[PDB]
Number of protein chains: 2
Amino acid sequence: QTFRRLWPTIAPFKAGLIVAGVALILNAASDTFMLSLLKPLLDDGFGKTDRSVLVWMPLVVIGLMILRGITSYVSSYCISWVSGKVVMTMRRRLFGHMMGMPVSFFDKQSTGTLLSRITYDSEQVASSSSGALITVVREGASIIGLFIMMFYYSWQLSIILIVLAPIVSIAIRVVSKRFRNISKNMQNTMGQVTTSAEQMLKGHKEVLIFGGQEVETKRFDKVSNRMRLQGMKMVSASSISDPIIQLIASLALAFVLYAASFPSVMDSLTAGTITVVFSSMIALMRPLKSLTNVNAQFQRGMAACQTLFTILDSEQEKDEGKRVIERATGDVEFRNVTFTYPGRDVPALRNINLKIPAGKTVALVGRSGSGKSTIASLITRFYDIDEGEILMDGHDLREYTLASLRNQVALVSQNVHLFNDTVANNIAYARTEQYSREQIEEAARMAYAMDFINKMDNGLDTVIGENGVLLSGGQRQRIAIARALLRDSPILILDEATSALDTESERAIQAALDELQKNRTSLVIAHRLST
Amino acid sequence: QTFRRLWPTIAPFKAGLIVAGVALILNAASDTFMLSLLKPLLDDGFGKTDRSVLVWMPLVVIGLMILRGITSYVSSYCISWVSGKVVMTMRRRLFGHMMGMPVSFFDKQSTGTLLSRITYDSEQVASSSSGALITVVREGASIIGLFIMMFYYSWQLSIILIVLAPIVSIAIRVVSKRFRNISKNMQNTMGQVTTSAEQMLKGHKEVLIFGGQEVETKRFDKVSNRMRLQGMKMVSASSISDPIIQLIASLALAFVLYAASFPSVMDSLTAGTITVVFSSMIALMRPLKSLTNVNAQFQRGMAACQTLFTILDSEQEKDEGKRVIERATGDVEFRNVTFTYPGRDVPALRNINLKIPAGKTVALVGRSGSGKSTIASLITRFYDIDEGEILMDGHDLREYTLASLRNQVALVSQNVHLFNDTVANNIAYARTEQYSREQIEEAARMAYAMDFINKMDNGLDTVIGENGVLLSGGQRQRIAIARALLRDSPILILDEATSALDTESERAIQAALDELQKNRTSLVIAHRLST
């Protein structure tokens, strides 16, 4: 089905994948050929007792197994080539659209969800498609090979087991249908289990506060019981298959035994031939078992890949070209501003008009049910313009190049995110260059955060391995302030945190922000008194 | 190893594993017996051209596959009985000690970590141990019965393949050590990539603000290529495992044929017997490859189970025995109980050996690194105070009513992570104690929560599936206030935030809090001067 979208993404790499099947084909050869040697092994090695000829066979078996080996080698190798490269380009395009996704994309999801999606589902698409081809190639090779074996051995028993093939196959199909139909809603209750445990863990505070230990343990117990029972159902149903499969498969073999009646009274063949027939039967039963599950589970894979596409096929940041905006100061203007993050709410700014002049910064307004803070993120256009008007120097909504804005605007927040690099370069993120560490050094002096860097390792170029989680929030605030210093961004957004900081930290931040509001209009949210 | 710890937890269910092993031995019996009846085929059905046995044996095969079926039935069944029961009790005691876990030791890890621990590690211990037993028992019975088959057919070729098998096992041991090292490396590398991807994702806001997206793409692609190569080498080695095994196995078969040529002198065996030997040998090659990595795999399960035990055997909530069921009020009298949940900076706060006045509530004070809410958490003692106890009214941490401390001292919070139950009983989380739903209505009246009942279904007994995420935080705080009303806590703690609420909401809330401040000393996180 939706392979019409993958095959192109794989098309440049087709050749190697192709190679796989070739070797995979030889697998059956080996299999068949190994089984083939049974005829001379038995019917000639002891029918004719060519004791000497028996020395030919072993070297063959060895070579054939070596063929199995090398074939498996290249199978795994090229299949993994494809698997990787596909996962590669896939996750690349993901990362892309993730970037292209406006932050709204995160309003309806969580990080962990996207981590899971990207990593797991990516790997699963490739693993699926791979095993699909792997097994499919074997089916196209083992089945027909053993068929030819029986053919050049007995047209008759061939005919029989062929007439039997539909029977066993449809049996497998229907029992697999039973299986999957039982596996519809299990995920629901399993996630219910996980989520019950989850909410209890999250709420341990309230839990202890009320000490509902007994009630919650009772809940937990019912949950565990449902877990036990549904797991029982799962494993039972799944297990029954092979019996049922082999059971009816039995009769097939038994019907092959029923060749006692018809062709054996005609002295059908020799013993070793029949040994080949039955060994071949069992061989079939390996990929026979495969085929159906192949179709099903790899349809599942392709469906996961369809989910992936939908994530990609989802619309990126809706930008018809925010044109070109030169870096500039100017003034911020609020003409008839109204905005609702979802439709769930009413206009956050209820038709509000404001003017924030050049360099004349503006602090956290004091109000009730404001939320302007997130509205600053909309001044950064992280979500969609809902209504109203936010103007920059006589220019309407989307004359505003996202890149140009994020350059010219700045954001300082209580929340700060760090990145496993040199914290200096983490500041330098504006192309990570064009700003000598010397300039970064003086910024740190202006950031007043070099004091912490003294405690930090790797000196002035502190490489924050695993981000150096020990780095306090206010340190990160000074970090972002230094970043702003490097960007000379005419527009700033600020925030005051109070987790654990010192008079030196807060007051040096005050001074820094003071210089920042100069020549560059700032937006602030603070808990101080006069400010 | 720690089976010394598991075997008791399973002992009430020995019979399960017992009948499991019985069935598994019967399964091996079925296998061996099919392979055996292979012989009389060639003995008479082609040697003497018999039909009698040529019809007998069909029915035999049928019944024997039915035995495979029923054996698999009870195997899966009882083994799952045990797996479940174990997981059940395991997760049970895991909740238990998990409730007796200090809040700090939560904050040592993350919630998701514990979710994974419980769910996965439980079911993984189960699956591991189960498959371990299944294998060891099947494998053993299969190998021994096949040995017997060869024995009553050829002392000689038996002897040979006996001498041979250890070599196979050693080759497998080597490849499994390769597995060990490549596996630890693979775990390291996949941890790396998931960390990088996530840490990039979370920063989307900042990533945009700096708009360095190309750099993120670069890092993404680097780690992607690293993953490509890592998985490449991983699957490479894991594949290469098989061919080496099958190759040396082939060499073994070759020696078997060298044998066939050496008693080619005597030529005692029958084509049947030959077929039996080789078929059985391939059989072996299934359980051998299994059992080796099985005896390896004990650890995996037992390793996770040891982690579990450590969680159990970790420091549960250590109280010298709190007791004190009776309720009252008295007053609060802290006795130097230290703060250093994460021992990083230094120990700082109030240090009062003093006492707190009755009736009068408690508000919020502003100081650097005050940590009031968590200082309140220690005031509530539900977080582990680092040192000492608390002689309240001359009565220690437990001499004053610790468990009842929850009843005596209320803990309202801004974020009320509620539970997937009836909002009515959500108020009665504390093991509903004949809090008449009439009292629920009247409290919601005293709380001014009756309006949110209209927002919900299920009459005045509103129920919230998935907590009814529709509910905004403010009315949940109001619910918790009503709960405090129900528990008639003379002492309380409250919480005021400013995420999103209305004027009338905050007003009626502060009215209800005054009522709570009335004749009940509380601790109130607030942004106002009402206190």
# chains A, B, ... in the order shown; residues from 1 in each chain; ligands from 1
>>> calpha_fit_rmsd(fixed="chain A", moving="chain B")
1.5 Å
>>> residues_around(residues="residue 411 in chain A", least_positions_apart="3", cutoff="6 Å", atoms="only C-alpha atoms", output="list in words")
residues 492, 493 and 494 of chain A
>>> write_last_selection(atoms="C-alpha atoms", output="mmCIF file, in the first residue's frame")
data_model
loop_
_atom_site.group_PDB
_atom_site.id
_atom_site.type_symbol
_atom_site.label_atom_id
_atom_site.label_comp_id
_atom_site.auth_asym_id
_atom_site.auth_seq_id
_atom_site.Cartn_x
_atom_site.Cartn_y
_atom_site.Cartn_z
ATOM 1 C CA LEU A 492 14.271 41.263 24.722
ATOM 2 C CA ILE A 493 11.987 39.212 26.963
ATOM 3 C CA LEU A 494 12.884 38.654 30.602
#
>>> residues_around(residues="range 183-185 of chain A", least_positions_apart="3", cutoff="12 Å", atoms="only C-alpha atoms", output="number ranges by chain")
A: 176-180, 188-192, 230-231, 233-238
>>> write_last_selection(atoms="C-alpha atoms", output="short mmCIF file (atom, residue, chain, number, x, y, z; two decimals), in the first residue's frame")
data_model
loop_
_atom_site.label_atom_id
_atom_site.label_comp_id
_atom_site.auth_asym_id
_atom_site.auth_seq_id
_atom_site.Cartn_x
_atom_site.Cartn_y
_atom_site.Cartn_z
CA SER A 176 -3.94 -16.12 13.32
CA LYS A 177 -7.21 -14.26 12.83
CA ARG A 178 -8.46 -15.70 16.11
CA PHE A 179 -5.21 -14.55 17.72
CA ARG A 180 -5.21 -10.98 16.44
CA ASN A 188 -6.30 -0.33 26.52
CA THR A 189 -6.26 -2.08 29.89
CA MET A 190 -2.47 -2.48 29.87
CA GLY A 191 -2.06 1.27 29.49
CA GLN A 192 -4.72 1.63 32.17
CA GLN A 230 -5.28 -10.45 30.48
CA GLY A 231 -1.70 -11.65 30.25
CA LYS A 233 -5.53 -14.64 27.94
CA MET A 234 -2.78 -13.27 25.70
CA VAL A 235 -0.24 -16.01 26.28
CA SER A 236 -2.87 -18.75 26.18
CA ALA A 237 -4.46 -17.66 22.91
CA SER A 238 -1.06 -17.10 21.30
#
>>> residues_around(residues="residue 270 in chain A", least_positions_apart="2", cutoff="8 Å", atoms="only C-alpha atoms", output="list in words")
residues 43, 268, 272, 273 and 274 of chain A; 46 of chain B
>>> atom_distance(atom1="CA of residue 14 in chain B", atom2="CA of residue 67 in chain B")
22.9 Å
>>> select_by_dssp(residues="range 241-421 of chain B", states="alpha helix (DSSP H)", output="NGL selection string")
:B and (241-261 or 271-313 or 372-379 or 403-408)
>>> residues_around(residues="residue 392 in chain B", least_positions_apart="2", cutoff="10 Å", atoms="only C-alpha atoms", output="number ranges by chain")
B: 330-335, 354-356, 389-390, 394-401
>>> write_last_selection(atoms="N, CA and C atoms", output="mmCIF file, in the first residue's frame")
data_model
loop_
_atom_site.group_PDB
_atom_site.id
_atom_site.type_symbol
_atom_site.label_atom_id
_atom_site.label_comp_id
_atom_site.auth_asym_id
_atom_site.auth_seq_id
_atom_site.Cartn_x
_atom_site.Cartn_y
_atom_site.Cartn_z
ATOM 1 N N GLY B 330 -3.069 20.803 69.845
ATOM 2 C CA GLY B 330 -1.882 21.259 70.526
ATOM 3 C C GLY B 330 -1.254 22.440 69.801
ATOM 4 N N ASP B 331 0.057 22.328 69.623
ATOM 5 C CA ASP B 331 0.827 23.305 68.870
ATOM 6 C C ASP B 331 2.020 22.630 68.215
ATOM 7 N N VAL B 332 2.693 23.370 67.343
ATOM 8 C CA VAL B 332 3.852 22.870 66.617
ATOM 9 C C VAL B 332 5.115 23.328 67.333
ATOM 10 N N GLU B 333 6.077 22.415 67.450
ATOM 11 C CA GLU B 333 7.354 22.697 68.097
ATOM 12 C C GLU B 333 8.489 21.927 67.420
ATOM 13 N N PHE B 334 9.118 22.556 66.432
ATOM 14 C CA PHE B 334 10.221 21.945 65.692
ATOM 15 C C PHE B 334 11.470 21.773 66.555
ATOM 16 N N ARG B 335 12.247 20.731 66.274
ATOM 17 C CA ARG B 335 13.467 20.466 67.033
ATOM 18 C C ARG B 335 14.697 20.192 66.162
ATOM 19 N N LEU B 354 12.073 26.450 69.368
ATOM 20 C CA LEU B 354 10.800 27.041 69.787
ATOM 21 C C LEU B 354 9.498 26.329 69.426
ATOM 22 N N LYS B 355 8.403 27.056 69.631
ATOM 23 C CA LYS B 355 7.058 26.560 69.377
ATOM 24 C C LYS B 355 6.214 27.558 68.583
ATOM 25 N N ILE B 356 5.174 27.049 67.929
ATOM 26 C CA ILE B 356 4.279 27.871 67.120
ATOM 27 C C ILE B 356 2.924 28.059 67.797
ATOM 28 N N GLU B 389 14.327 14.466 65.170
ATOM 29 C CA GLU B 389 12.885 14.263 65.134
ATOM 30 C C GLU B 389 12.194 15.608 65.321
ATOM 31 N N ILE B 390 11.086 15.617 66.058
ATOM 32 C CA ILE B 390 10.353 16.853 66.299
ATOM 33 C C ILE B 390 9.494 16.730 67.546
ATOM 34 N N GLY B 394 6.335 19.015 73.335
ATOM 35 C CA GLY B 394 7.103 18.054 74.091
ATOM 36 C C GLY B 394 6.932 16.622 73.646
ATOM 37 N N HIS B 395 6.402 16.393 72.445
ATOM 38 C CA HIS B 395 6.167 15.046 71.929
ATOM 39 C C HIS B 395 6.857 14.935 70.575
ATOM 40 N N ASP B 396 7.726 13.934 70.450
ATOM 41 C CA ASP B 396 8.642 13.771 69.329
ATOM 42 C C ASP B 396 7.938 13.522 68.000
ATOM 43 N N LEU B 397 8.741 13.372 66.937
ATOM 44 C CA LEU B 397 8.233 13.055 65.604
ATOM 45 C C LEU B 397 7.064 12.087 65.662
ATOM 46 N N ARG B 398 7.192 11.038 66.463
ATOM 47 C CA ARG B 398 6.139 10.046 66.593
ATOM 48 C C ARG B 398 5.378 10.153 67.903
ATOM 49 N N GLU B 399 6.044 10.471 69.017
ATOM 50 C CA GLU B 399 5.345 10.787 70.257
ATOM 51 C C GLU B 399 4.231 11.794 70.038
ATOM 52 N N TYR B 400 4.422 12.741 69.124
ATOM 53 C CA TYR B 400 3.317 13.504 68.569
ATOM 54 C C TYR B 400 2.890 12.791 67.297
ATOM 55 N N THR B 401 1.595 12.820 67.019
ATOM 56 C CA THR B 401 0.928 11.788 66.239
ATOM 57 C C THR B 401 1.286 11.788 64.760
#
>>> closest_residue(among="A:117, A:92, A:431, A:205", to="residue 374 in chain B", atoms="only C-alpha atoms")
A:205
>>> decode(residues="range 359-406 of chain B", atoms="N, CA and C atoms", output="PDB file, in the first residue's frame")
ATOM      1  N   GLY B 359      -4.348  28.740  66.782  1.00  0.00           N
ATOM      2  CA  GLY B 359      -5.277  29.535  66.012  1.00  0.00           C
ATOM      3  C   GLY B 359      -4.667  30.351  64.896  1.00  0.00           C
ATOM      4  N   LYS B 360      -3.580  31.070  65.156  1.00  0.00           N
ATOM      5  CA  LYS B 360      -2.969  31.902  64.134  1.00  0.00           C
ATOM      6  C   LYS B 360      -2.406  31.050  63.003  1.00  0.00           C
ATOM      7  N   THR B 361      -2.708  31.460  61.775  1.00  0.00           N
ATOM      8  CA  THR B 361      -2.273  30.723  60.598  1.00  0.00           C
ATOM      9  C   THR B 361      -0.812  31.014  60.286  1.00  0.00           C
ATOM     10  N   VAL B 362      -0.354  30.601  59.104  1.00  0.00           N
ATOM     11  CA  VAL B 362       0.990  30.904  58.636  1.00  0.00           C
ATOM     12  C   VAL B 362       0.905  31.319  57.174  1.00  0.00           C
ATOM     13  N   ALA B 363       1.604  32.399  56.836  1.00  0.00           N
ATOM     14  CA  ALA B 363       1.620  32.910  55.473  1.00  0.00           C
ATOM     15  C   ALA B 363       2.949  32.598  54.795  1.00  0.00           C
ATOM     16  N   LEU B 364       3.322  33.420  53.819  1.00  0.00           N
ATOM     17  CA  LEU B 364       4.572  33.224  53.095  1.00  0.00           C
ATOM     18  C   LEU B 364       5.519  34.408  53.264  1.00  0.00           C
ATOM     19  N   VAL B 365       6.765  34.113  53.619  1.00  0.00           N
ATOM     20  CA  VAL B 365       7.779  35.144  53.803  1.00  0.00           C
ATOM     21  C   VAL B 365       8.777  35.087  52.654  1.00  0.00           C
ATOM     22  N   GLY B 366       9.433  36.207  52.372  1.00  0.00           N
ATOM     23  CA  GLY B 366      10.395  36.247  51.287  1.00  0.00           C
ATOM     24  C   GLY B 366      11.828  36.394  51.753  1.00  0.00           C
ATOM     25  N   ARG B 367      12.654  35.428  51.365  1.00  0.00           N
ATOM     26  CA  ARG B 367      14.068  35.420  51.708  1.00  0.00           C
ATOM     27  C   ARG B 367      14.819  34.634  50.643  1.00  0.00           C
ATOM     28  N   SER B 368      16.117  34.883  50.510  1.00  0.00           N
ATOM     29  CA  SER B 368      16.898  34.159  49.518  1.00  0.00           C
ATOM     30  C   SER B 368      16.920  32.681  49.882  1.00  0.00           C
ATOM     31  N   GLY B 369      16.720  31.828  48.879  1.00  0.00           N
ATOM     32  CA  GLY B 369      16.707  30.386  49.064  1.00  0.00           C
ATOM     33  C   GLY B 369      15.909  29.892  50.258  1.00  0.00           C
ATOM     34  N   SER B 370      14.822  30.587  50.583  1.00  0.00           N
ATOM     35  CA  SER B 370      13.997  30.201  51.724  1.00  0.00           C
ATOM     36  C   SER B 370      13.466  28.771  51.636  1.00  0.00           C
ATOM     37  N   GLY B 371      13.037  28.357  50.445  1.00  0.00           N
ATOM     38  CA  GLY B 371      12.501  27.018  50.253  1.00  0.00           C
ATOM     39  C   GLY B 371      11.323  26.705  51.163  1.00  0.00           C
ATOM     40  N   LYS B 372      10.428  27.676  51.316  1.00  0.00           N
ATOM     41  CA  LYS B 372       9.260  27.544  52.181  1.00  0.00           C
ATOM     42  C   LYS B 372       8.355  26.340  51.904  1.00  0.00           C
ATOM     43  N   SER B 373       7.945  26.160  50.652  1.00  0.00           N
ATOM     44  CA  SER B 373       7.045  25.064  50.320  1.00  0.00           C
ATOM     45  C   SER B 373       7.663  23.728  50.703  1.00  0.00           C
ATOM     46  N   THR B 374       8.947  23.545  50.396  1.00  0.00           N
ATOM     47  CA  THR B 374       9.645  22.346  50.836  1.00  0.00           C
ATOM     48  C   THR B 374       9.959  22.422  52.324  1.00  0.00           C
ATOM     49  N   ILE B 375      10.277  23.619  52.822  1.00  0.00           N
ATOM     50  CA  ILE B 375      10.371  23.784  54.268  1.00  0.00           C
ATOM     51  C   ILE B 375       9.049  23.422  54.913  1.00  0.00           C
ATOM     52  N   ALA B 376       7.938  23.742  54.252  1.00  0.00           N
ATOM     53  CA  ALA B 376       6.633  23.303  54.721  1.00  0.00           C
ATOM     54  C   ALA B 376       6.527  21.791  54.616  1.00  0.00           C
ATOM     55  N   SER B 377       7.023  21.234  53.509  1.00  0.00           N
ATOM     56  CA  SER B 377       7.074  19.785  53.361  1.00  0.00           C
ATOM     57  C   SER B 377       7.736  19.110  54.552  1.00  0.00           C
ATOM     58  N   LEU B 378       8.790  19.712  55.100  1.00  0.00           N
ATOM     59  CA  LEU B 378       9.416  19.169  56.299  1.00  0.00           C
ATOM     60  C   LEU B 378       8.592  19.507  57.534  1.00  0.00           C
ATOM     61  N   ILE B 379       7.955  20.680  57.530  1.00  0.00           N
ATOM     62  CA  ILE B 379       6.986  21.015  58.567  1.00  0.00           C
ATOM     63  C   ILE B 379       5.925  19.932  58.639  1.00  0.00           C
ATOM     64  N   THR B 380       5.543  19.403  57.478  1.00  0.00           N
ATOM     65  CA  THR B 380       4.623  18.281  57.412  1.00  0.00           C
ATOM     66  C   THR B 380       5.322  16.947  57.597  1.00  0.00           C
ATOM     67  N   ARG B 381       6.651  16.947  57.632  1.00  0.00           N
ATOM     68  CA  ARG B 381       7.467  15.765  57.889  1.00  0.00           C
ATOM     69  C   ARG B 381       7.310  14.685  56.826  1.00  0.00           C
ATOM     70  N   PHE B 382       6.485  14.888  55.797  1.00  0.00           N
ATOM     71  CA  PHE B 382       6.284  13.787  54.862  1.00  0.00           C
ATOM     72  C   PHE B 382       7.511  13.601  53.988  1.00  0.00           C
ATOM     73  N   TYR B 383       8.269  14.667  53.771  1.00  0.00           N
ATOM     74  CA  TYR B 383       9.608  14.548  53.230  1.00  0.00           C
ATOM     75  C   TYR B 383      10.555  14.198  54.369  1.00  0.00           C
ATOM     76  N   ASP B 384      11.609  13.462  54.040  1.00  0.00           N
ATOM     77  CA  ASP B 384      12.564  13.037  55.048  1.00  0.00           C
ATOM     78  C   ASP B 384      13.392  14.220  55.530  1.00  0.00           C
ATOM     79  N   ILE B 385      13.204  14.589  56.793  1.00  0.00           N
ATOM     80  CA  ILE B 385      14.028  15.624  57.397  1.00  0.00           C
ATOM     81  C   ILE B 385      15.372  14.918  57.574  1.00  0.00           C
ATOM     82  N   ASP B 386      16.474  15.600  57.278  1.00  0.00           N
ATOM     83  CA  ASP B 386      17.790  14.957  57.353  1.00  0.00           C
ATOM     84  C   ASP B 386      18.238  14.438  58.723  1.00  0.00           C
ATOM     85  N   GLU B 387      18.005  15.201  59.786  1.00  0.00           N
ATOM     86  CA  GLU B 387      18.433  14.753  61.111  1.00  0.00           C
ATOM     87  C   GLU B 387      17.446  15.035  62.242  1.00  0.00           C
ATOM     88  N   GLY B 388      17.460  14.173  63.254  1.00  0.00           N
ATOM     89  CA  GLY B 388      16.608  14.334  64.419  1.00  0.00           C
ATOM     90  C   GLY B 388      15.139  14.016  64.220  1.00  0.00           C
ATOM     91  N   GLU B 389      14.327  14.466  65.170  1.00  0.00           N
ATOM     92  CA  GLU B 389      12.885  14.263  65.134  1.00  0.00           C
ATOM     93  C   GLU B 389      12.194  15.608  65.321  1.00  0.00           C
ATOM     94  N   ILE B 390      11.086  15.617  66.058  1.00  0.00           N
ATOM     95  CA  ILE B 390      10.353  16.853  66.299  1.00  0.00           C
ATOM     96  C   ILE B 390       9.494  16.730  67.546  1.00  0.00           C
ATOM     97  N   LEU B 391       9.994  17.257  68.661  1.00  0.00           N
ATOM     98  CA  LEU B 391       9.263  17.267  69.927  1.00  0.00           C
ATOM     99  C   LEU B 391       8.183  18.341  69.839  1.00  0.00           C
ATOM    100  N   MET B 392       7.034  17.980  69.273  1.00  0.00           N
ATOM    101  CA  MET B 392       5.888  18.880  69.225  1.00  0.00           C
ATOM    102  C   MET B 392       5.142  18.805  70.548  1.00  0.00           C
ATOM    103  N   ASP B 393       4.942  19.962  71.181  1.00  0.00           N
ATOM    104  CA  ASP B 393       4.306  20.042  72.494  1.00  0.00           C
ATOM    105  C   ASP B 393       5.019  19.135  73.492  1.00  0.00           C
ATOM    106  N   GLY B 394       6.335  19.015  73.335  1.00  0.00           N
ATOM    107  CA  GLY B 394       7.103  18.054  74.091  1.00  0.00           C
ATOM    108  C   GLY B 394       6.932  16.622  73.646  1.00  0.00           C
ATOM    109  N   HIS B 395       6.402  16.393  72.445  1.00  0.00           N
ATOM    110  CA  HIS B 395       6.167  15.046  71.929  1.00  0.00           C
ATOM    111  C   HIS B 395       6.857  14.935  70.575  1.00  0.00           C
ATOM    112  N   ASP B 396       7.726  13.934  70.450  1.00  0.00           N
ATOM    113  CA  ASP B 396       8.642  13.771  69.329  1.00  0.00           C
ATOM    114  C   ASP B 396       7.938  13.522  68.000  1.00  0.00           C
ATOM    115  N   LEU B 397       8.741  13.372  66.937  1.00  0.00           N
ATOM    116  CA  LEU B 397       8.233  13.055  65.604  1.00  0.00           C
ATOM    117  C   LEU B 397       7.064  12.087  65.662  1.00  0.00           C
ATOM    118  N   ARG B 398       7.192  11.038  66.463  1.00  0.00           N
ATOM    119  CA  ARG B 398       6.139  10.046  66.593  1.00  0.00           C
ATOM    120  C   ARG B 398       5.378  10.153  67.903  1.00  0.00           C
ATOM    121  N   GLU B 399       6.044  10.471  69.017  1.00  0.00           N
ATOM    122  CA  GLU B 399       5.345  10.787  70.257  1.00  0.00           C
ATOM    123  C   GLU B 399       4.231  11.794  70.038  1.00  0.00           C
ATOM    124  N   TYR B 400       4.422  12.741  69.124  1.00  0.00           N
ATOM    125  CA  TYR B 400       3.317  13.504  68.569  1.00  0.00           C
ATOM    126  C   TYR B 400       2.890  12.791  67.297  1.00  0.00           C
ATOM    127  N   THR B 401       1.595  12.820  67.019  1.00  0.00           N
ATOM    128  CA  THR B 401       0.928  11.788  66.239  1.00  0.00           C
ATOM    129  C   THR B 401       1.286  11.788  64.760  1.00  0.00           C
ATOM    130  N   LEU B 402       2.298  11.006  64.371  1.00  0.00           N
ATOM    131  CA  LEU B 402       2.903  11.156  63.049  1.00  0.00           C
ATOM    132  C   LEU B 402       1.928  10.811  61.927  1.00  0.00           C
ATOM    133  N   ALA B 403       1.460   9.564  61.890  1.00  0.00           N
ATOM    134  CA  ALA B 403       0.451   9.193  60.907  1.00  0.00           C
ATOM    135  C   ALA B 403      -0.740  10.131  60.996  1.00  0.00           C
ATOM    136  N   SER B 404      -1.198  10.371  62.218  1.00  0.00           N
ATOM    137  CA  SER B 404      -2.327  11.264  62.442  1.00  0.00           C
ATOM    138  C   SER B 404      -1.924  12.713  62.191  1.00  0.00           C
ATOM    139  N   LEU B 405      -0.626  12.899  61.985  1.00  0.00           N
ATOM    140  CA  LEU B 405      -0.091  14.202  61.663  1.00  0.00           C
ATOM    141  C   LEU B 405      -0.766  14.607  60.364  1.00  0.00           C
ATOM    142  N   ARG B 406      -1.002  13.637  59.484  1.00  0.00           N
ATOM    143  CA  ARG B 406      -1.681  13.926  58.232  1.00  0.00           C
ATOM    144  C   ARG B 406      -3.103  14.400  58.517  1.00  0.00           C
TER     145      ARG B 406
END
